[PDB]
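Order of the sequence lines fixes the chain letters, A, B, ..., with proteins taken first and strands second; residue numbering starts at 1 for each chain. Values below: every heavy atom of this structure, side chains too, minus hydrogens, waters and symmetry copies.
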Amino acid sequence: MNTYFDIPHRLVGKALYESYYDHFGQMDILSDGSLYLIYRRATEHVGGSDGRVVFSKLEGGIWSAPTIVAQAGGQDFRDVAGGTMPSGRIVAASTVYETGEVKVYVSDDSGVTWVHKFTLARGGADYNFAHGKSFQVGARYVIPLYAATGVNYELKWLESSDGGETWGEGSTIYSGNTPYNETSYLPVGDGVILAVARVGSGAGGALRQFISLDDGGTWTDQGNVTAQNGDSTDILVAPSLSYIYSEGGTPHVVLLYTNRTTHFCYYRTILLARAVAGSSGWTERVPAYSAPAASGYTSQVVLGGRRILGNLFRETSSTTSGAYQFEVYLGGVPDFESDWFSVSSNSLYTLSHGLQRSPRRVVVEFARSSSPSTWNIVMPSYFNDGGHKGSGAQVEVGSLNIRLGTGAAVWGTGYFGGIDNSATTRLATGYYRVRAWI
Amino acid sequence: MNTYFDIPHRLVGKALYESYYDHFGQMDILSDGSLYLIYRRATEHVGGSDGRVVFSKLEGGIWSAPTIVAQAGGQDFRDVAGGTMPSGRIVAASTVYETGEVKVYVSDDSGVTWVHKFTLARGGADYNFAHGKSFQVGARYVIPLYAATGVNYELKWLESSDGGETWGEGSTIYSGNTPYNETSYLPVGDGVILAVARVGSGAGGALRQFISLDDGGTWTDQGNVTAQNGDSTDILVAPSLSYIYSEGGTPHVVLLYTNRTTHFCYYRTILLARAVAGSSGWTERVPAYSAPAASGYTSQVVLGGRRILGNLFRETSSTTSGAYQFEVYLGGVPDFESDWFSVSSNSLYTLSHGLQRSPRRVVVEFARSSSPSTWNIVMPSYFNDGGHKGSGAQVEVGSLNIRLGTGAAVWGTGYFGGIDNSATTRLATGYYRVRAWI
Amino acid sequence: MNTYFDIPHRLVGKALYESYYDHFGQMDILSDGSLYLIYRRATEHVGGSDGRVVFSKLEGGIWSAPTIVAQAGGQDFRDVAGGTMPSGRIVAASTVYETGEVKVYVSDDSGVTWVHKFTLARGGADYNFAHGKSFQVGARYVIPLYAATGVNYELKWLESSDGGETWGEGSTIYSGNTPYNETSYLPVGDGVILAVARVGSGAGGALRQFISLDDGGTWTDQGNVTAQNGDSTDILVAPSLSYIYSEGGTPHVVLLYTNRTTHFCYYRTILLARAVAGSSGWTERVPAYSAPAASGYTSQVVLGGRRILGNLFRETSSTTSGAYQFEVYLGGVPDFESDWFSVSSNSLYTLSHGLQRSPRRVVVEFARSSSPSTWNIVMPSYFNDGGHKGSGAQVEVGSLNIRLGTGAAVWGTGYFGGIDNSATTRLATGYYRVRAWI
């Protein structure tokens with residue numbers, strides 16, 4: 001019982017590929033520190049094929065021969081939802097394509113043996129589809145589910161209050177005519193739960209954000225996840241969320257999702273405070289892994305409240321796919337950051353930073369557009385064009401605002417090699433971005 | 001037993017208020033991750049009223065109906081000291097106003113049931129007053145107490161070496177004619193314990209700092225907590241301390257206290273190395289929460305060695321009060337920082353940074369006073385007033401010192417909008433503050 | 001079972017010295033948070049003296065009277081290898097000088113009682129020498145050993161798969177004519193194990209780096225540990241390694257070693273990604289502690305994945321020595337950093353940062369050599385020598401590179417006090433170092 005003993009992980013370049021169609025699963029960690037995957041193994045993706053629920057353990061850098069969790073002739077298990085409970089017990093749940101029923105299995109010996117604990121009858125609904133990383137909400141452990149009944153769609157929670165012994169439908173997140181389905185739920189503390197959902201086929205470039213402040217009792221539709229630069233009308237699927245906090249305690253939410261139009265799995269972040277206030281405020285997207293064709297379905301494990309270990313599935317062909325792992329390096333996430341905003345010469349900009357104390361560090365950068373591929377660091381410089389002129393900006397910091405004073409040129413002097421070597425690099429207008437760290 | 005399972009917390013805007021006079025308690029965390037409060041509930045604050053010791057658990061973002069820990073007709077329980085032991089057992093101790101006796105209660109089922117374990121007779125002392133967050137010192141768990149006998153005052157420790165089964169007076173921190181009372185003790189590692197105490201009524205703007213290097217065997221009076229800018233002669237009460245360490249391991253101490261003159265609960269920090277050396281070196285105060293009238297009495301829980309969760313009590317009227325929670329965002333605390341010091345033109349400043357290695361990051365800021373509301377970032381600039389002159393400062397870094405070379409103006413050029421737009425913003429003197437991060 | 005209860009540590013200035021020749025041991029932490037030392041106590045260092053294996057616990061800032069782990073008249077125990085297992089059990093192993101046999105002892109009550117579990121016969125080898133911090137690799141716990149047979153040398157692993165009940169020789173790291181001996185092994189995650197070894201007497205200024213990607217099944221000789229500025233041909237001994245990760249999850253390896261030529265114990269770091277790619281990329285050395293004469297033999301304990309607690313042994317005379325503890329303050333380790341590289345005026349430098357996303361922070365520094373004692377921060381400035389010229393560099397950041405544009409002077413203006421106060425401080429050439437943080 002040495003809680004000080006650390007078991008590190010290295011997922012860089014790791015993969016589970018055996019020429020099957022392995023997909024739609026979750027990665028999590030065992031009590032002993034070993035990473036594992038619970039997923040659907042089959043030889044096709046079409047509904048009614050040979051899907052079975054399996055478990056694989058990462059040992060010595062190699063994924064072990066999968067253990068069969070659930071299998072039945074004539075039955076096609078679909079997505080595999082689940083994860084590790086606080087008790088160390090593992091939960092794996094999957095919907096049977098042919099019946100639309102959800103079957104729940106658990107393991108108390110780190111994946112060696114599995115026991116069937118529950119089967120959710122569809123009842124009046126066309127089906128109940130299990131999908132996503134399970135999570136804890138108070139004394140309840142939850143398995144996310146989405147269902148449909150004709151033209152009606154719903155987002156539900158399959159919960160257990162006795163450690164996974166008994167289950168039953170719990171909170172209802174959504175019920176309407178909008179095809180919300182794959183949804184990630186992230187408990188972010190004391191009653192608050194954030195959710196991001198895929199919209200129908202995923203086409204449209206949007207992911208929907210919802211939030212509850214009472215452990216799922218009630219929900220508010222916050223609108224589409226919004227950032228300065230989005231994803232056009234691209235197909236976005238299988239969102240997943242992670243919680244982390246900065247070097248000094250500031251909480252942030254990390255969103256992973258797969259864009260099947262650009263063929264990349266990306267992540268974006270947002271200050272938790274901003275996420276609670278609304279769906280805007282997300283940061284720019286960062287590619288975490290290539291995602292060809294029907295790839296995606298991400299999951300994560302967070303270490304030390306700051307180190308994200310991730311997994312996604314990628315196709316090698318229309319009938320073969322594997323699990324590929326990675327790590328996300330967030331660096332020091334800003335406590336405050338502006339989007340790119342237009343600036344002009346010899347002007348004053350006042351930005352409310354909204355921080356608990358004055359930021360000890362500030363960075364100001366310049367770009368020629370609000371969606372730049374490159375940008376420059378802004379520092380108070382000088383140039384002479386017949387008269388004495390300042391270039392860049394001077395900065396003032398206080399407990400309320402960060403104020404910037406621009407020179408005759410918002411950036412550029414013409415005196416530095418390659419990137420600022422001509423009179424024409426002296427720009428009177430453009431865009432600035434301010435980042436501040438407490 | 002999944003030590004990897006994380007239970008996050010969000011205390012922003014949270015409060016426990018039911019129109020009672022709830023006050024003088026402690027917030028801590030249960031082994032299962034749930035936050036709780038142990039405090040005095042009553043319908044008045046005066047001595048001899050109806051104080052009872054109660055316990056409340058934060059579930060789904062709402063504080064539960066309080067469980068009665070200790071109650072007796074005719075007896076008025078005062079401050080509630082205590083917290084969670086390493087074993088998971090909860091300790092709650094309170095002094096009976098009428099008798100001056102300290103009663104200790106414990107719970108092994110996360111606050112569901114409570115058992116009376118000890119009663120400290122006052123003996124020759126006028127009374128023994130329990131107050132503060134309990135803590136571990138080696139194999140001993142301690143409950144802080146302050147007492148008085150006529151004109152004599154003492155700071156004592158009520159300890160247990162068997163997990164809270166038996167108790168007895170232990171180390172004596174102070175004994176003299178100075179009314180030291182409410183005292184926070186912070187074990188900071190291997191024999192060293194830091195203490196900050198309220199002085200009498202709290203008037204005078206000072207908090208006293210003490211330190212022990214032998215687990216409380218002996219103590220040294222380090223003097224009043226000192227920073228460049230203090231709290232005038234304001235009333236300061238109920239200090240509380242927390243231990244945290246930076247992104248690379250540097251330890252710092254965080255002090256929370258309530259100023260009843262300005263009506264704010266503030267926090268300050270200090271490098272542990274500096275705190276061990278003396279009472280000077282504390283950073284500027286940062287308001288954590290409003291504290292009207294007789295508010296205060298802070299407590300904290302630290303996550304990941306860097307995320308402070310806090311609580312304080314606030315009055316809504318002279319006879320009603322509640323518990324209000326918050327979070328402290330420390331950001332990246334500097335490994336070295338100077339106070340504001342006077343600077344002049346075309347001069348050289350040499351600052352010993354005292355770091356284990358040369359700092360990789362340095363920030364230099366400028367202000368017109370040593371207690372500024374706003375300041376500017378200092379960067380090597382230029383201006384022409386008939387002659388060629390430098391503005392700001394150039395920086396040299398080494399394994400021993402940070403050296404700064406100032407221009408004809410310590411700051412200002414007159415070429416930037418709003419904050420540096422006139423010849424008069426070119427200043428030859430002022431104050432600089434240097435911050436460095438390893 | 002309160003995993004939230006934190007036990008801090010403070011090793012600054014701490015030492016275990018009782019006028020014996022205490023040396024060649026390991027420091028680790030108990031499940032209850034107490035630090036301990038397992039080492040060789042004797043009254044001489046020569047082979048065949050009175051070495052016995054002992055255990056000391058740090059309580060209240062003072063090392064306890066050593067408990068005898070292993071002792072036998074006529075037998076001289078040498079180096080003491082071992083540490084704390086995931087189970088909380090302590091392992092201590094030492095080679096008997098007279099027989100060349102390795103004896104393994106374990107304790108299940110935090111060092112109170114010890115039980116002999118195994119004795120490794122030398123067989124055909126001249127001897128098997130236990131040395132270093134033990135570690136976990138999958139389901140195996142390992143004790144590092146080095147051996148020799150005539151002119152043949154080998155690096156071996158003594159492992160147990162049942163929690164230390166039974167042992168046996170396992171993986172073979174090296175076997176050849178090179179005298180590799182004292183070797184530190186660091187599991188860095190899922191199959192990868194890094195190793196750094198002392199070469200013979202240690203003379204030559206080199207430490208050898210090896211790496212395995214299959215839990216020790218196979219090994220690759222990566223060459224000598226390489227940095228821009230090494231250790232000449234100095235005597236380097238007893239390397240030790242630690243694993244840590246940044247504020248946002250970036251992994252780094254920390255190497256401690258003792259230089260008996262300069263008489264200092266130093267540490268260097270390296271991005272794990274770089275260490276996996278090869279033996280180059282290590283950072284500059286930082287002195288952690290003086291190491292007079294035959295001092296050295298470092299060990300560490302890491303808290304919060306970022307706080308290194310260390311120990312080494314130091315001689316006070318040729319026949320007396322003690323254990324001295326310390327702490328390493330890493331600060332924010334750069335995600336990318338260049339060595340010092342030559343720069344010239346009005347030029348453009350393009351540096352591939354190799355980061356997962358564009359770095360949010362960049363620092364550029366200037367020095368007159370690639371092994372400077374001091375350096376300056378580079379910021380876009382200006383000066384006039386009859387014509388308009390830029391000084392320093394402008395910076396461009398993108399998702400692939402960091403680009404720098406230099407002025408007529410790579411640094412210097414002649415307008416700032418002390419360090420940049422003459423026309424001669426305007427330099428057209430020199431060296432730059434770029435550091436970037438995600």
Side-chain angles (χ1 to χ4, degrees), chain A residues 1-11 25-38 55-60 63-64 67 69 80-93 104-115 117 133-136 139-143 160 162-165 187 242-243 299-305 307-309 311 325, chain B residues 1-8 30-34 86-88 303-304, chain C residues 1-5 29 31-33 84-89 135-141 161-164 187 189-190 304-305:
Chain A
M1 295 182 266
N2 176 19
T3 63
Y4 295 93
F5 202 102
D6 184 280
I7 297 294
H9 285 293
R10 178 175 155 75
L11 294 181
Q26 299 295 322
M27 179 182 68
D28 212 331
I29 192 168
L30 296 172
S31 293
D32 64 18
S34 294
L35 287 168
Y36 72 89
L37 281 165
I38 42 174
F55 166 92
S56 181
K57 189 180 180 187
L58 185 58
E59 315 179 80
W63 294 94
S64 67
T67 294
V69 176
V80 178
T84 315
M85 301 182 78
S87 69
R89 163 177 280 186
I90 301 175
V91 173
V104 186
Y105 308 81
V106 301
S107 171
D108 292 305
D109 54 12
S110 297
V112 179
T113 63
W114 296 82
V115 180
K117 292 292 184 178
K133 171 59 59 66
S134 42
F135 51 101
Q136 184 77 31
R140 314 136 63 191
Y141 195 66
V142 186
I143 297 172
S160 173
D162 54 21
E165 292 296 72
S242 288
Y243 177 88
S299 53
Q300 310 83 243
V301 169
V302 179
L303 302 177
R307 173 158 162 72
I308 294 170
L309 301 178
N311 173 261
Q325 297 81 231
Chain B
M1 295 182 266
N2 176 19
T3 63
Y4 295 93
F5 202 102
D6 184 280
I7 297 294
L30 296 172
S31 293
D32 64 18
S34 294
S87 69
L303 302 177
Chain C
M1 295 182 266
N2 176 19
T3 63
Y4 295 93
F5 202 102
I29 192 168
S31 293
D32 64 18
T84 315
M85 301 182 78
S87 69
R89 163 177 280 186
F135 51 101
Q136 184 77 31
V137 182
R140 314 136 63 191
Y141 195 66
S161 49
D162 54 21
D190 301 292

Find the distance between [atom1] ([X]) and [atom2] ([Y]) and round it off to the nearest 0.5 Å.
X: A:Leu37; Y: A:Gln26; atom1: CG; atom2: CD; answer: 9.5 Å
X: A:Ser160; Y: A:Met85; atom1: OG; atom2: CE; answer: 5.5 Å
X: A:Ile38; Y: A:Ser107; atom1: CD1; atom2: OG; answer: 10.5 Å
X: A:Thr3; Y: C:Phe5; atom1: OG1; atom2: CZ; answer: 12.5 Å
X: A:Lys57; Y: A:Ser64; atom1: NZ; atom2: OG; answer: 7.5 Å
X: A:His9; Y: A:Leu35; atom1: NE2; atom2: CG; answer: 4.0 Å

Within the 4.5 Å heavy-atom criterion, are [X] and [Y] side-chain neighbours or not?
X: A:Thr67; Y: A:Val112; value: no
X: A:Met27; Y: A:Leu309; value: yes
X: A:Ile29; Y: A:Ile7; value: no

- Which heavy atom of B:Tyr4 sits nearest a heavy atom of A:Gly33, and at what distance? OH-CA, 3.4 Å

- Task: Can you see which heavy atom on A:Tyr243 is nearest to which on B:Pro8, and at what distance?
- Result: CE2-CB, 3.7 Å

- Task: Output all residues satisfying salt bridge (charged side-chain N to carboxylate O under 4.0 Å, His left out) with A:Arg89, sequence neighbours left out; order by chain, then residue number.
- Result: A:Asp108, A:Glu165

- Residues that C:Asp190 engages under salt bridge (charged side-chain N to carboxylate O under 4.0 Å, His left out), provided they are two or more places apart: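 Partners of C:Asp190 under the salt bridge (charged side-chain N to carboxylate O under 4.0 Å, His left out) test: none.
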
Using side-chain contact (heavy atoms from CB on, under 4.5 Å) as the criterion, list what pairs up with [X], not counting sequence neighbours.
X: A:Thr84; answer: A:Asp28, A:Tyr36, B:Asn2
X: A:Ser110; answer: A:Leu30
X: A:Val302; answer: A:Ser242, A:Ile244, A:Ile308

What pairs with [X] under side chain to side chain donor-acceptor pair (under 3.5 Å), at least two apart in sequence or on another chain?
X: A:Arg10; result: none
X: A:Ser34; result: A:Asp32
X: A:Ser56; result: none
X: B:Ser31; result: none

- Donor-acceptor under 3.5 Å (A:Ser134 side chain, A:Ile143 main chain): no

- Report yes or no: does C:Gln136 contribute a side-chain atom to a donor-acceptor pair with the main-chain N or O of C:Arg140 at less than 3.5 Å? yes

- Task: Applying ring pair (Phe, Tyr, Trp, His ring centres under 6.0 Å), name anything that partners A:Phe135, two or more places apart in sequence or on another chain.
- Result: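 Result, ring pair (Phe, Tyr, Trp, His ring centres under 6.0 Å) vs A:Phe135: A:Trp157, A:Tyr185.
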
- Item | By ring pair (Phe, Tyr, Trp, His ring centres under 6.0 Å) - contacts of A:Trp114 (at least two apart) |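 Expected list: A:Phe55.
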
- Query: Could you go step by step and tell me if A:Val69 and A:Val80 meet the side chain to side chain contact (heavy atoms under 4.5 Å, CB included) rule?
  - Reply: CA-CA 11 Å; A:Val69 176; A:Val80 178; over 6 Å; no

